[PDB]
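This report refers to the structure that appears directly beneath it.
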Amino acid sequence: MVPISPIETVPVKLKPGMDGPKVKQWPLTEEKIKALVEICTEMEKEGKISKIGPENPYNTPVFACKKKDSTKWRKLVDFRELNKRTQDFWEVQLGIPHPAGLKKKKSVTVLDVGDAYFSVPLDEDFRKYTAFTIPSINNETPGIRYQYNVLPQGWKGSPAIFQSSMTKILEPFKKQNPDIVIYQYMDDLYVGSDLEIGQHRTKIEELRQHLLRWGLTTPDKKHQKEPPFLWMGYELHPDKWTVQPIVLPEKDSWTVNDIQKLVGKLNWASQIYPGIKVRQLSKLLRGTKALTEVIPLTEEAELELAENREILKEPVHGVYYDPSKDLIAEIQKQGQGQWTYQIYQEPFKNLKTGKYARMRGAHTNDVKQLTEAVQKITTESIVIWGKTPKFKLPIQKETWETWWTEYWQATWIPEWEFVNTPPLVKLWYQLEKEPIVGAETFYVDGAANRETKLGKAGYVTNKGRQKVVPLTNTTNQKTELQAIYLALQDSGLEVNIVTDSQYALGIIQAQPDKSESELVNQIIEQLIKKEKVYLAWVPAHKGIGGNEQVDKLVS
Amino acid sequence: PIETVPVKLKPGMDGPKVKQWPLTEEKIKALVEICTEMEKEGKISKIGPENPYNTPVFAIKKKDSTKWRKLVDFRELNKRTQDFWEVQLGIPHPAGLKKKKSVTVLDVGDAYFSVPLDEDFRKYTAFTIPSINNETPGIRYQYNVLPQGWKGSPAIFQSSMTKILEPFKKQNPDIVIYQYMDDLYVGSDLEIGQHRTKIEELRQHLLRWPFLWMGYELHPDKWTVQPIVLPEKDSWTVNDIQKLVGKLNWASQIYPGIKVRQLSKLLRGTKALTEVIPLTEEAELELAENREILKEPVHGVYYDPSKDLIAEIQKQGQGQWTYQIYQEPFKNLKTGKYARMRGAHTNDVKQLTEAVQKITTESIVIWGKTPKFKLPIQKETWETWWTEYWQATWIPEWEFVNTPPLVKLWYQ
DNA sequence: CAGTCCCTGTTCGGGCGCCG
DNA sequence: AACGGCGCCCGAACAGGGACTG
Ligand SMILES: Cc1cn([C@H]2C=C[C@@H](COP(=O)(O)OP(=O)(O)OP(=O)(O)O)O2)c(=O)[nH]c1=O
Ligand SMILES: [Mg+2]
Ligand SMILES: [Mg+2]
């Protein structure tokens with residue numbers, strides 16, 4: 001006979017054709033034994049745990065661990081076998097609140113519900129599926145077995161049920177206090193208002209008693225009444241916010257798991273510290289699949305790590321969001337496919353910063369990557385503020401106009417202005433739209449053998465110029481690119497080039513300025529040196545002009 | 001007092017589990033206001049996390065409308081109940097709708113809110129309203145009545161809709177009425193004054209039983225086709241003939257009688273691209289014969305009702321967009337071109353959004369289906385902006401391609 | 001006409017950061 | 001040695017299309 005809590009239960013079923021968990025216990029140290037017998041006894045008197053008998057043919061092991069800078073212990077059941085047989089839940093936690101999205105509030109209070117999962121009941125017809133024995137002695141007393149009447153910590157349904165139950169309890173209070181903002185993340189509650197400090201504590205006490213009607217306690221241990229508030233890992237001040245102090249490890253020998261933690265902290269730090277790079281550091285995490293393997297820091301990864309530590313020396317901070325002012329996002333190019341940006345409303349008062357250094361595609365250019373950075377910032381800004389910022393981009397209006405009007409795919413950038421801060425983003429060469437009068441016409445072609453990997457590449461021109469080059473360990477695609485490279489090498493500043501390679505033509509028409517292929521990079525270097533290049537395509541094996549002639553040479 | 005029509009998913013398929021995407025502030029505020037009224041009216045009910053199903057939701061504004069409209073992306077749920085709205089209670093498509101001089105599209109989705117939904121099926125209509133900056137967890141609902149944007153809604157309401165439209169169809173035997181998704185397609189050969197008058201009479205028939213006041217007008221008899229055309233120059237260069245032979249060779253995949261023998265003979269040698277080549281007597285004859293074949297219709301090209309429609313779009317530049325609708329490759333059921341749409345010369349995504357909406361509308365009128373689109377855009381670019389410009393109550397299937405223009409086939 | 005190859009793309013799962 | 005959420009950078013497995021070979 002256990003009392004039913006005021007919180008409405010959540011009906012939880014299991015996957016059909018499957019039963020409950022039946023896993024043997026895990027032999028643990030005697031320290032854990034004296035840290036859980038006192039818990040199952042206190043929760044039994046408080047109605048959070050009931051005792052069962054032999055009529056419950058289930059069992060589940062459970063260990064424990066300490067807490068964050070505290071003296072209390074955390075009981076974490078290992079429901080990994082129950083989760084495989086429990087129904088799937090749709091998570092209502094859609095993201096992480098960011099302090100740059102918080103608005104200015106005169107009074108702020110941060111709460112923390114004590115015994116979050118232990119104050120929300122479990123489904124009545126589901127408590128039987130949570131059985132676990134507790135031996136008092138490691139090899140003497142068989143131990144009386146208990147069950148769960150609340151949400152166990154470790155079950156895959158506990159977070160979703162708590163977040164949904166907490167919302168239903170706050171819904172009536174929020175309807176009675178519309179001007180009060182309540183950021184609800186797991187058990188921690190951020191409460192803000194523009195009321196006076198005196199009147200603010202009044203509504204806080206009203207909220208603490210409102211939650212008390214459902215068994216939710218807000219103890220004074222984690223009650224925050226004055227800044228700086230520790231919320232979501234940030235330091236919240238009345239007019240600014242900053243990330244809690246980030247410590248980067250400094251080992252004399254670096255392995256693989258150390259860099260994974262190093263790049264991780266730098267990604268977390270890049271949200272407010274401008275100019276953080278992790279290209280050369282993450283470049284060390286390629287190929288090697290041994291987490292305990294020492295990796296020496298390259299000269300590029302060492303200079304990259306040194307410049308990041310100097311950025312973290314000076315303390316930085318972000319501001320809060322003012323809906324009366326516009327959102328501005330300014331991007332800079334950091335080189336080597338690295339981009340950094342800042343989002344602000346007043347100049348030099350950054351709401352947050354960030355980086356975009358993703359390299360997608362074997363061949364690309366700075367205009368494509370700038371477009372991708374703008375999209376990443378737009379989606380991020382809609383998550384945090386629900387609107388798109390005005391952009392300040394280091395690209396001329398004429399440059400962008402030339403790119404998007406001529407590109408064959410649809411592409412677009414929202415309302416933006418040019419900011420003249422080098423290095424500017426430009427197109428390094430422009431293919432002609434019409435053949436060039438007076439320029440030598442190169443008919444290029446390349447063929448390779450699938451078996452021997454041997455091939456030829458060459459050209460034939462209208463002035464009688466000709467070349468064939470034998471190639472070893474190549475492909476048809478490589479010889480087609482090589483043939484174009486030969487035509488660019490052996491031509492003047494203006495050249496018409498005729499190929500039958502859809503592969504090669506498609507790469508060059510997208511005006512790439514960088515490539516994972518050394519051959520394409522060499523082609524790009526030649527295209528920049530030229531003054532006019534006209535690429536034309538013809539179908540192969542159709543007896544078309546010089547394409548038929550150069551086809552005989554390379555095949 | 002209405003028995004709920006039992007609805008079952010297709011055998012071997014579970015409900016939709018699609019994540020909600022971020023919404024702007026004005027859209028969240030609109031959806032919160034809309035859902036509060038619908039909940040007060042019992043059309044939707046709040047649910048918990050024990051419902052593992054979810055469908056994205058956002059809001060749109062129709063053309064020349066300042067009123068927000070809730071729009072659910074039921075695309076996943078629709079193709080998991082395909083044996084219902086196509087096999088059990090299907091809606092016949094009239095072949096005369098595309099022949100009418102004027103066709104008005106009326107939003108009738110609000111009528112579906114009067115029919116209850118099968119209790120065993122309401123869990124599949126779950127959607128989640130997001131919050132800005134993740135202030136609060138998602139606010140989940142499920143539908144208690146027939147939802148807008150679900151293909152099962154017009155199928156179940158069809159028995160009710162027939163009785164309402166029965167007096168009007170008897171009063172006007174020449175008017176063709178077609179129902180697709182939340183819309184009603186009313187076509188007539190009457191004059192513009194007579195048509196709009198008869199449309200208002202039909203609105204009054206529905207009133208005696210929030211977007212009924214709108215009426216998007218169409219003219220399928222004015223819909224044009226964009227055939228493959230060949231350039232006509234006074235002088236031809238080597239480069240001109242190379243592009244021509246390249247175009248005709250690709251065109252031979254559609255018209256098998258196209259020849260390029262006499263035109264390829266003009267390019268014998270290794271000539272400069274800009275060298276002018278005079279067309280021979282046989283080349284004039286062969287090019288003239290090819291221009292006539294491009295006017296002749298393609299052999300064995302007809303619509304198969306059991307096959308999906310496919311739409312390809314090409315960005316031609318300068319506000320020009322070409323498209324082809326087909327079921328089998330090189331068997332195009334329709335080819336067209338759009339020019340000077342909204343966003344021309346400034347926004348590719350808005351134009352592409354407009355083009356997709358136009359093509360889909362034509363496919364509903366002509367065949368009663370929505371095509372699967374092959375969009376010439378990067379996935380991340382489309383998924384960032386398309387909802388900002390969407391003005392339709394349905395959403396077609398799409399995929400993303402990247403085809404560099406080797407030959408300008410559909411627009412010289 | 002199939003069956004490969006070459007090349008490039010997306011999907012996903014795990015590594016890490018961070019929150020509870 | 002647990003659960004859920006988001007982000008990044010990584011690689012393996014997979015799909016898809018031109019082009020060559022039997
Ligand atoms: C930190 C943490 C938390 N949780 C779940 C359990 C309760 C809520 C909040 O945890 P908590 O605030 O740190 O402890 P809590 O149970 O609320 O008890 P108190 O310390 O607040 O008194 O999230 C979890 O399952 N694993 C974890 O590692
Ligand atoms: Mg707590
Ligand atoms: Mg070739």
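Throughout, a chain's letter reflects where its sequence line sits, starting with A, and its residues are numbered from 1.
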Give [X] one of three labels, base, sugar-phosphate or nothing, depending on what nucleic acid heavy atoms sit under 4.0 Å from its own.
X: A:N83; answer: sugar-phosphate
X: A:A160; answer: nothing
X: A:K75; answer: nothing
X: A:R80; answer: sugar-phosphate
X: A:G287; answer: sugar-phosphate
X: A:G264; answer: sugar-phosphate
X: A:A64; answer: base
X: A:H98; answer: nothing
X: A:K68; answer: nothing
X: B:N134; answer: nothing
X: A:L94; answer: sugar-phosphate

How many whole angstroms separate atom [atom1] of [X] from atom [atom2] of [N]?
X: A:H363; N: C:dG9; atom1: NE2; atom2: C1'; value: 12 Å
X: A:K368; N: C:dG9; atom1: NZ; atom2: P; value: 8 Å
X: A:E516; N: C:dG9; atom1: CD; atom2: P; value: 8 Å
X: B:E312; N: D:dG17; atom1: CD; atom2: P; value: 10 Å
X: A:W73; N: D:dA2; atom1: CH2; atom2: P; value: 16 Å
X: B:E383; N: C:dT11; atom1: CD; atom2: P; value: 8 Å
X: A:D88; N: D:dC3; atom1: CG; atom2: P; value: 14 Å
X: A:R74; N: D:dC3; atom1: CZ; atom2: P; value: 14 Å

Distance check: side-chain N/O of [X] vs OP1/OP2 of [N], anything under 4.0 Å?
X: A:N257; N: C:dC16; result: yes
X: A:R360; N: C:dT10; result: yes
X: A:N267; N: D:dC9; result: yes
X: A:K289; N: D:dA12; result: yes
X: B:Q378; N: C:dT10; result: yes
X: A:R286; N: D:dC10; result: yes
X: B:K379; N: C:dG9; result: no
X: A:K478; N: C:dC7; result: yes
X: A:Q502; N: D:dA19; result: yes
X: A:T475; N: C:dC5; result: no

Open item on the list: Between B:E50 and A:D123, does the side-chain contact (heavy atoms from CB on, under 4.5 Å) criterion hold? Intermediate values first, please.
Closed with: CA-CA 11 Å; B:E50 75 276 5; A:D123 190 15; over 6 Å; no

TODO: Any chance you could lay out the side chain to side chain donor-acceptor pair (under 3.5 Å) test for B:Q324 and B:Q314, step after step, and finish with the verdict?
DONE: CA-CA 9 Å; B:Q324 304 80 41; B:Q314 301 88 37; 2.7 Å; yes

Does [N] carry a north or a south sugar when the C1'-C2'-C3'-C4' torsion is used to decide?
N: C:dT10; result: south
N: D:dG16; result: south
N: D:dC9; result: south
N: C:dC16; result: north
N: D:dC20; result: south

Whole-Å [atom1] distance, [N] and [M]:
N: C:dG15; M: D:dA1; atom1: P; result: 11 Å
N: C:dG14; M: D:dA2; atom1: P; result: 12 Å
N: D:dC8; M: C:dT8; atom1: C1'; result: 23 Å

Could you please name the option among [options] that lies closest to any side-chain atom of [X]?
X: A:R450; options: C:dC5, C:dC16, D:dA2; answer: C:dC5
X: A:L76; options: D:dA2, D:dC3, C:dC19; answer: D:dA2
X: A:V278; options: D:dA2, D:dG5, D:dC9; answer: D:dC9
X: A:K32; options: C:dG15, D:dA1, D:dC10; answer: D:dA1
X: A:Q244; options: C:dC16, C:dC19, C:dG3; answer: C:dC19
X: A:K453; options: C:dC6, C:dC18, D:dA1; answer: C:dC6
X: A:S282; options: D:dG5, D:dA1, D:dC10; answer: D:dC10

Open item on the list: Between A:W339 and A:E372, does the side-chain contact (heavy atoms from CB on, under 4.5 Å) criterion hold? Intermediate values first, please.
Closed with: CA-CA 10 Å; A:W339 308 81; A:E372 297 160 9; over 6 Å; no

Open item on the list: Is the ring pair A:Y190/A:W231 parallel, tilted or perpendicular, if the boundaries are 30 and 60 degrees?
Closed with: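 Ring orientation, 0 to 90° scale: tilted.
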
- [ ] Take A:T364 and A:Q369 through the test side chain to side chain donor-acceptor pair (under 3.5 Å) and record every step on the way to the result.
- [x] CA-CA 8 Å; A:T364 182; A:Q369 295 182 327; 4.7 Å; no

- [ ] State whether the aromatic ring of A:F63 stacks on the base of D:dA1, taking stacking to mean ring centres under 5.5 Å apart and ring planes under 30° to each other.
- [x]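 Yes, aromatic ring over the base.
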
Open item on the list: Between A:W537 and B:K19, which residue's closest nucleotide on DNA chain D lies nearer the 5′ terminus?
Closed with: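 Result of the comparison: B:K19.
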
Task: 5'-most by nearest nucleotide on DNA chain D - A:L28 or A:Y503 - done: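 The residue mapped nearer the 5' terminus is A:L28.
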
Open item on the list: Is it the case that atom CG in A:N521 sees more than 12 heavy atoms from other parts of the structure closer than 6.0 Å?
Closed with: yes

TODO: Would you mind telling me which of A:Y148, A:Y58, A:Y146 makes a ring pair (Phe, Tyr, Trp, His ring centres under 6.0 Å) with A:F132?
DONE: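 That would be A:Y148; it is the only one of A:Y148, A:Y58, A:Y146 passing the ring pair (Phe, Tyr, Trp, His ring centres under 6.0 Å) with A:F132.
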
Open item on the list: So if I apply the side chain to side chain donor-acceptor pair (under 3.5 Å) rule between B:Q378 and each of A:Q375, A:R360, A:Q409, A:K368, which one comes out positive?
Closed with: A:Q409

- [ ] Decide if the gap between the ring center of A:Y129 and the ring center of A:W155 is smaller than 6.0 angstrom.
- [x] no

Open item on the list: I'd like to know if A:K352 pairs up with A:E380 as an ion pair, taking the criterion as any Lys NZ or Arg NE/NH1/NH2 lying under 4.0 Å from an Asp or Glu carboxylate oxygen.
Closed with: yes

